[PDB]
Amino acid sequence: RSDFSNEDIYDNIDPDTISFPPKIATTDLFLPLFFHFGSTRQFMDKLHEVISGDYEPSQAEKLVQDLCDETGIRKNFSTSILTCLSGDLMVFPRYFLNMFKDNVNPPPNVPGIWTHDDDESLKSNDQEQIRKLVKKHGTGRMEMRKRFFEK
């Protein structure tokens, strides 16, 4: 694989261009603590800090709890996000940056973020929908997703 990726534009969004707190951030998704961050950048920096701690695939529970106590993200929200990312933590920050940039939950057209529609397409045999899926996520992620289904 190349050290570079055109997906980086989804990770390099300048948090300072995002009004805080984002309109999409409601109490059904975030805890009181979240609303005490002074800016989108402060929140993202803390999120990066949490995500960096050591977590073995057995510590998803602890990660979710930390995301609640440190960043103010509701637990089942974090769980749902981790699920649509196929467990790829590297895409966790991307999820929030894009959700906040366009105030849509979940971001509908972001590589690595599997929407309900993407999953329906993956479960089907309609090659036109699968064509768009691989363009969006890539074959590697599709295989990992197919894997995820098996359970």
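Numbers follow the displayed sequence, beginning with 1.
- Relative to one another, 20-28 and 139-147 have unequal mean CA B-factors, and 139-147 is the one with the higher figure.
- Higher mean CA temperature factor, per the PDB entry, when comparing 51-59 with 85-93: 51-59.
- As recorded in the entry, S124 carries the highest CA temperature factor of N109, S124, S39, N98.
- In the PDB entry, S5 places in the middle third of its chain by CA B-factor.
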